Every structure is written in structure tokens, then in C-alpha cells.
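> Take this structure first; my questions come after.
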Amino acid sequence: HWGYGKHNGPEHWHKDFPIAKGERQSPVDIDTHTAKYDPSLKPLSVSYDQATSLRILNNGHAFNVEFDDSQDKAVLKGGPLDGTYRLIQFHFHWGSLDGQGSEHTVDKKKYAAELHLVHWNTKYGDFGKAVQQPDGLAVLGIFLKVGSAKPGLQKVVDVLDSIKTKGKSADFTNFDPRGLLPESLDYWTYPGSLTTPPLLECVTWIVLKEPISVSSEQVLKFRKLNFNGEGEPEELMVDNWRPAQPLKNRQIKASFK
Ligand SMILES: NS(=O)(=O)c1ccc(C(=O)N2CCc3cc(O)c(O)cc3[C@@H]2c2ccccc2)cc1
Ligand SMILES: [Zn+2]
């Protein structure tokens with residue numbers, strides 16, 4: 001029954017998921033002055049040319065655009081990663097206002113939203129097994145700021161009306177996730193966790209330095225989605241982000257400078 005409301009939000013999650021107060025929780029604040037350039041980091045490899053999107057789903061806490069991951073098509077490798085990670089889905093976290101919405105922060109700055117492209121390590125066979133491993137997932141995070149529209153995001157924005165409430169899904173084939181990437185692949189990386197329950201500590205986070213720009217109309221449409229299901233009191237899907245967690249015994253490494 002976890003959610004983002006006053007009575008079931010992030011501050012309550014620890015009661016059902018004690019790992020919420022663990023040693024490598026996400027998101028975190030990225031202190032750009034403390035992050036250290038790591039020359040041993042190999043270049044990041046995002047191969048989405050053969051990506052196969054299938055459906056978009058409103059699951060009550062965000063909307064996921066799901067991909068066919070039964071074959072090695074859209075994969076992430078290189079950077080801090082050893083092995084190949086297959087793209088399974090992407091979703092966003094956003095706010096009720098342009099001044100908040102991202103999960104990670106940069107020098108405490110909050111962006112209007114944050115895109116997460118979730119990938120699982122093929123050496124574990126499937127996603128369910130991968131989430132039980134410390135290096136099971138790789139999530140590529142991309143910040144969104146409000147300004148000019150993102151052409152590549154419009155197809156997602158226009159299908160949202162068809163999945164307004166929890167449990168609704170719609171066919172979403174042939175969507176190219178390459179259209180959601182910034183120009184530069186410079187990034188920060190650190191070991192962490194899923195940012196939603198079960199908050200498993202199975203993620204290598206790779207967060208891009210360069211935000212993409214989306215228009216006020218694009219994010220405005222995100223804020224029209226609902227957390228509730230059809231026929232229930234309307235709860236707008238906004239502020240579905242978890243705040244920054246203690247960094248603890250971790251170092252954030254930079255791929256640049
Ligand atoms: N924000 S994030 O760290 O990038 C992230 C990653 C994966 C997942 C995910 O795949 N989850 C967690 C939430 C969730 C909620 C459901 O209703 C559900 O049907 C599945 C999930 C999955 C999940 C569930 C159990 C164990 C691991 C993942 C969600 C968010
Ligand atoms: Zn996420």
C-alpha cells in the first residue's frame with residue numbers, strides 16, 4: 001500500500017521495507033565538487049538501434065514504457081559496468097511544479113523531472129533474478145528541465161490520455177528511446193538501489209550530467225495522469241519522487257574532467 005501521499009509516502013516506507021534505511025539507498029544528492037574524476041572508467045555504450053518497445057502502462061506510481069528484453073537488442077554497457085545490461089523499461093518521476101520532481105539532485109538542485117532507463121544484467125538470466133544481485137541492474141538517469149520541447153518525447157505525451165488511471169495500458173510499439181537522450185554522455189556513477197519499494201540494493205546508477213529540455217506543455221500533461229484507478233476519487237499523479245538519501249560509505253565518480 002506504499003505510495004507518495006502523506007500517509008504512505010517515502011517517510012513511511014521503512015515500516016514495510018526496512019532496507020529503506022540501508023547502506024546504499026537511492027536517490028542521493030550529487031555534490032559536483034566532491035565527485036572525483038575516474039580515468040579508469042571506460043566509455044559508456046548505449047546501443048538502442050534495435051530497441052523494441054511494446055506497451056505503455058500506468059502502474060499507479062508512474063507510467064512504464066516496456067520493451068521486449070527476451071533478446072539482446074537495446075543494451076547498455078561500458079562505463080562502470082562489467083557485462084551487458086538489457087533495457088526492460090523506462091519511466092519518469094516528476095513534480096507538481098517545475099521546481100521539483102527529480103529524485104537525484106545536483107548540488108541540492110532539483111530538476112522538473114527525471115527519466116530512468118532500467119536495464120538488467122544478462123548474466124542473471126532474467127529481471128527477477130537480477131534484482132536479487134548487488135550488480136543486477138543498471139539504471140541510466142537523465143534530468144529534465146522545462147524550456148524547449150523534446151521532439152522525441154511527444155509520442156509518449158500524446159498516448160497518456162489513453163492510460164490516465166492505474167491499471168490501464170496501451171500498445172506502444174516502435175518508440176525510439178534514442179530520442180530522449182541528451183547530446184553528451186558525460187555522467188556520474190555510484191552504487192545504490194531501486195528508488196521505489198522494495199528498495200532493493202541492486203543498482204549501479206549512471207546519471208547523465210546534461211539534462212534534456214521538455215516543454216511546459218509536455219510536463220503539464222504528465223501532471224494530468226492519476227495515481228488512482230478508474231471510478232475512484234481523482235488523485236493527480238504528481239510528486240512521485242523519493243527525496244535524496246544519506247550517501248553513507250559511498251563515493252560518486254565522474255566520467256569527465
Ligand atoms: N526508480 S528505479 O529505481 O529506476 C525503479 C527500478 C525498477 C522498478 C521496478 O521494476 N519495480 C519496483 C516497483 C514495482 C511496483 C509494482 O507495482 C510492480 O508490479 C513491480 C515493481 C518492480 C519490482 C517489484 C518487485 C521487485 C523488484 C522490482 C521500479 C523503479
Ligand atoms: Zn525511477
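Here, A, B, ... name the chains of the C-alpha cells in the order displayed, residue numbers run from 1 inside each chain, and ligands are numbered from 1 in the same displayed order.
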How would you report the residues lying within 12 Å of ligand 2, as JSON, numbers by chain, if you count only C-alpha atoms and all ligand atoms?

{"A": [26, 27, 61, 62, 63, 64, 89, 90, 91, 92, 93, 94, 101, 102, 103, 104, 113, 114, 115, 116, 117, 118, 119, 138, 139, 140, 141, 142, 143, 193, 194, 195, 196, 197, 199, 203, 205, 207, 240, 241, 242, 243]}

> For the residues in the current selection, export N, CA and C atoms as a compact mmCIF listing (two decimals), in the first residue's frame.


# COMPACT_ATOMS: atom_id res chain seq x y z
N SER A 26 19.01 4.90 -2.68
CA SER A 26 18.91 5.91 -3.74
C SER A 26 17.54 6.56 -3.67
N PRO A 27 17.42 7.78 -4.19
CA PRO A 27 18.47 8.60 -4.83
C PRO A 27 19.38 9.26 -3.79
N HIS A 61 2.06 4.33 -9.80
CA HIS A 61 3.12 5.19 -9.22
C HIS A 61 3.96 5.89 -10.31
N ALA A 62 3.73 5.49 -11.55
CA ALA A 62 4.37 6.12 -12.70
C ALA A 62 3.81 5.42 -13.93
N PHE A 63 4.33 5.75 -15.10
CA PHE A 63 3.94 5.02 -16.30
C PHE A 63 5.23 4.42 -16.85
N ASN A 64 5.19 3.14 -17.18
CA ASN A 64 6.36 2.48 -17.72
C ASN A 64 6.18 2.22 -19.21
N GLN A 89 12.56 -1.38 -19.35
CA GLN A 89 11.52 -0.35 -19.33
C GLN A 89 12.11 0.99 -18.95
N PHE A 90 11.39 2.06 -19.29
CA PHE A 90 11.77 3.38 -18.79
C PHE A 90 10.49 4.04 -18.23
N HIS A 91 10.72 4.96 -17.31
CA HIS A 91 9.64 5.72 -16.66
C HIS A 91 10.28 7.01 -16.19
N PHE A 92 9.43 7.88 -15.65
CA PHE A 92 9.84 9.16 -15.12
C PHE A 92 9.32 9.40 -13.69
N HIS A 93 9.90 10.41 -13.05
CA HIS A 93 9.47 10.89 -11.73
C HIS A 93 9.33 12.37 -11.97
N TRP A 94 8.23 12.99 -11.50
CA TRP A 94 8.05 14.41 -11.77
C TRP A 94 7.33 15.12 -10.65
N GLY A 101 10.69 17.51 -8.58
CA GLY A 101 10.30 16.36 -9.35
C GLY A 101 11.42 15.35 -9.53
N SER A 102 12.68 15.78 -9.63
CA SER A 102 13.73 14.77 -9.79
C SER A 102 14.02 14.08 -8.46
N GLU A 103 14.63 12.91 -8.58
CA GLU A 103 15.00 12.08 -7.43
C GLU A 103 16.42 12.43 -7.05
N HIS A 104 17.34 12.30 -7.98
CA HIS A 104 18.71 12.73 -7.70
C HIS A 104 18.67 14.25 -7.75
N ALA A 113 11.92 16.94 -13.58
CA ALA A 113 11.61 15.52 -13.65
C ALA A 113 12.92 14.77 -13.88
N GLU A 114 12.82 13.45 -13.85
CA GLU A 114 13.97 12.60 -14.06
C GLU A 114 13.50 11.33 -14.74
N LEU A 115 14.18 11.01 -15.85
CA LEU A 115 13.91 9.82 -16.63
C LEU A 115 14.81 8.67 -16.17
N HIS A 116 14.24 7.49 -15.99
CA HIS A 116 15.03 6.32 -15.61
C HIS A 116 14.88 5.23 -16.66
N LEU A 117 16.00 4.83 -17.26
CA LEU A 117 16.02 3.74 -18.26
C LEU A 117 16.63 2.56 -17.50
N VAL A 118 15.77 1.58 -17.21
CA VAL A 118 16.15 0.42 -16.39
C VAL A 118 16.65 -0.75 -17.20
N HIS A 119 17.85 -1.26 -16.83
CA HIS A 119 18.46 -2.38 -17.54
C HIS A 119 18.88 -3.47 -16.56
N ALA A 138 21.27 -1.77 -13.94
CA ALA A 138 21.96 -0.53 -14.29
C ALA A 138 20.83 0.43 -14.67
N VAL A 139 20.71 1.55 -13.98
CA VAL A 139 19.67 2.50 -14.37
C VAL A 139 20.36 3.76 -14.84
N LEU A 140 19.99 4.19 -16.06
CA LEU A 140 20.53 5.40 -16.66
C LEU A 140 19.52 6.50 -16.32
N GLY A 141 19.98 7.51 -15.59
CA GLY A 141 19.12 8.61 -15.17
C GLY A 141 19.39 9.87 -15.98
N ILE A 142 18.33 10.56 -16.38
CA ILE A 142 18.51 11.76 -17.21
C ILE A 142 17.59 12.82 -16.64
N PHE A 143 18.14 13.99 -16.34
CA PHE A 143 17.32 15.07 -15.77
C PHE A 143 16.53 15.80 -16.85
N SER A 193 20.29 1.79 -5.15
CA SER A 193 19.13 0.91 -5.06
C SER A 193 17.96 1.32 -5.92
N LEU A 194 16.91 0.51 -5.92
CA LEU A 194 15.69 0.95 -6.56
C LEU A 194 15.23 2.15 -5.69
N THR A 195 14.60 3.16 -6.31
CA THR A 195 14.11 4.31 -5.54
C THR A 195 12.65 4.15 -5.10
N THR A 196 12.06 3.00 -5.44
CA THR A 196 10.70 2.66 -5.00
C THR A 196 10.75 1.30 -4.33
N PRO A 197 9.79 1.04 -3.40
CA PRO A 197 9.75 -0.27 -2.75
C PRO A 197 9.84 -1.31 -3.88
N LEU A 199 12.90 -1.32 -2.77
CA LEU A 199 14.13 -0.58 -2.48
C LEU A 199 15.40 -1.45 -2.47
N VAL A 203 21.33 -1.80 -7.75
CA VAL A 203 21.57 -0.88 -8.86
C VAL A 203 22.89 -0.16 -9.00
N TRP A 205 23.99 3.04 -10.52
CA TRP A 205 23.37 4.23 -11.07
C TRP A 205 24.34 4.95 -11.97
N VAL A 207 24.20 8.51 -13.91
CA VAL A 207 23.33 9.68 -14.06
C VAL A 207 24.03 10.69 -14.96
N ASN A 240 5.87 12.08 -7.63
CA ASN A 240 6.10 10.66 -7.40
C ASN A 240 7.61 10.42 -7.34
N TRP A 241 8.30 11.24 -6.55
CA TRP A 241 9.73 11.11 -6.38
C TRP A 241 10.09 10.88 -4.91
N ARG A 242 11.14 10.11 -4.71
CA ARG A 242 11.68 9.85 -3.37
C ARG A 242 12.81 10.88 -3.19
N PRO A 243 12.90 11.53 -2.01
CA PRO A 243 13.95 12.51 -1.76
C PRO A 243 15.32 11.87 -1.58

> Output as a compact mmCIF listing (two decimals) with N, CA, C and O atoms, in the first residue's frame all residues of stretch 130-208 of chain A that backbone DSSP marks as helix (DSSP H, G or I).


# COMPACT_ATOMS: atom_id res chain seq x y z
N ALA A 130 17.94 -10.89 -11.37
CA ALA A 130 18.89 -9.78 -11.31
C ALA A 130 18.65 -8.85 -10.13
O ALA A 130 19.62 -8.41 -9.51
N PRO A 151 11.24 16.84 -29.01
CA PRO A 151 10.52 16.17 -30.10
C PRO A 151 10.29 14.70 -29.85
O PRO A 151 9.18 14.20 -30.03
N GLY A 152 11.36 14.03 -29.43
CA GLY A 152 11.31 12.60 -29.19
C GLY A 152 10.42 12.14 -28.05
O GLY A 152 10.14 10.95 -27.95
N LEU A 153 9.96 13.07 -27.23
CA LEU A 153 9.08 12.73 -26.11
C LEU A 153 7.61 12.89 -26.44
O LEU A 153 6.77 12.33 -25.75
N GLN A 154 7.30 13.63 -27.51
CA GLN A 154 5.90 13.86 -27.82
C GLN A 154 5.06 12.62 -28.01
O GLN A 154 3.90 12.62 -27.63
N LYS A 155 5.62 11.57 -28.58
CA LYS A 155 4.81 10.37 -28.77
C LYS A 155 4.33 9.79 -27.43
O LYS A 155 3.24 9.24 -27.32
N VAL A 156 5.17 9.91 -26.40
CA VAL A 156 4.79 9.44 -25.08
C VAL A 156 3.72 10.37 -24.52
O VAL A 156 2.70 9.91 -23.99
N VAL A 157 3.93 11.68 -24.65
CA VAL A 157 2.96 12.66 -24.14
C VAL A 157 1.59 12.45 -24.77
O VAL A 157 0.57 12.50 -24.07
N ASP A 158 1.53 12.16 -26.06
CA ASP A 158 0.21 12.02 -26.65
C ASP A 158 -0.56 10.76 -26.32
O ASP A 158 -1.79 10.77 -26.45
N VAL A 159 0.10 9.70 -25.88
CA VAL A 159 -0.62 8.47 -25.54
C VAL A 159 -1.13 8.47 -24.08
O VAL A 159 -1.93 7.59 -23.69
N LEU A 160 -0.67 9.42 -23.27
CA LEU A 160 -1.04 9.46 -21.83
C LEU A 160 -2.53 9.52 -21.58
O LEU A 160 -3.01 8.95 -20.59
N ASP A 161 -3.26 10.18 -22.46
CA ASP A 161 -4.72 10.25 -22.29
C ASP A 161 -5.36 8.86 -22.28
O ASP A 161 -6.43 8.65 -21.68
N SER A 162 -4.73 7.92 -22.96
CA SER A 162 -5.29 6.58 -23.05
C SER A 162 -4.94 5.71 -21.84
O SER A 162 -5.50 4.62 -21.67
N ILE A 163 -4.04 6.19 -20.98
CA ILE A 163 -3.67 5.41 -19.79
C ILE A 163 -3.77 6.30 -18.54
O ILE A 163 -2.90 6.31 -17.67
N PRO A 177 13.83 5.10 -28.04
CA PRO A 177 14.33 5.79 -26.83
C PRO A 177 15.57 6.67 -27.07
O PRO A 177 15.94 7.52 -26.22
N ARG A 178 16.18 6.50 -28.23
CA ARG A 178 17.36 7.35 -28.55
C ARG A 178 16.89 8.82 -28.61
O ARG A 178 17.67 9.73 -28.41
N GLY A 179 15.60 9.03 -28.86
CA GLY A 179 15.12 10.40 -28.93
C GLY A 179 14.96 11.09 -27.58
O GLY A 179 14.55 12.24 -27.54
N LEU A 180 15.31 10.41 -26.49
CA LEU A 180 15.18 11.00 -25.16
C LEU A 180 16.56 11.32 -24.57
O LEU A 180 16.65 11.80 -23.44

> Just how far from atom CA of residue A:188 is atom CA of residue A:79, in Å to one decimal?

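Computed distance, atom CA of residue A:79 to atom CA of residue A:188, equals 9.9 Å.
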
> May I ask which of the residues A:219, A:214, A:28, A:88 is the closest one to ligand 1, counting only C-alpha atoms and all ligand atoms?

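Checking each of A:219, A:214, A:28, A:88 against ligand 1, counting only C-alpha atoms and all ligand atoms, the winner is A:88.
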
> Which residues, written as a CSV table (one decimal) with C-alpha atoms, in the first residue's frame, have at least one atom at most 9 Å from residue A:35, with only C-alpha atoms counted and residues fewer than 2 positions away on the same chain left out?


chain,number,residue,atom,x,y,z
A,30,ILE,CA,25.4,14.6,-6.3
A,31,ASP,CA,27.9,17.1,-4.8
A,32,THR,CA,29.7,18.0,-8.1
A,33,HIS,CA,32.7,19.3,-6.2
A,37,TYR,CA,37.0,12.1,-12.0
A,188,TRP,CA,28.3,10.4,-12.5
A,251,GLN,CA,31.9,7.8,-3.5
A,252,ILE,CA,30.3,9.2,-6.5
A,253,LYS,CA,32.6,9.0,-9.5
A,254,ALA,CA,32.6,11.3,-12.6

> Which residue out of A:172, A:256, A:85, A:2 has the minimum interatomic distance to ligand 1 when only C-alpha atoms and all ligand atoms are used?

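Comparing A:172, A:256, A:85, A:2 against ligand 1, the winner is A:2.
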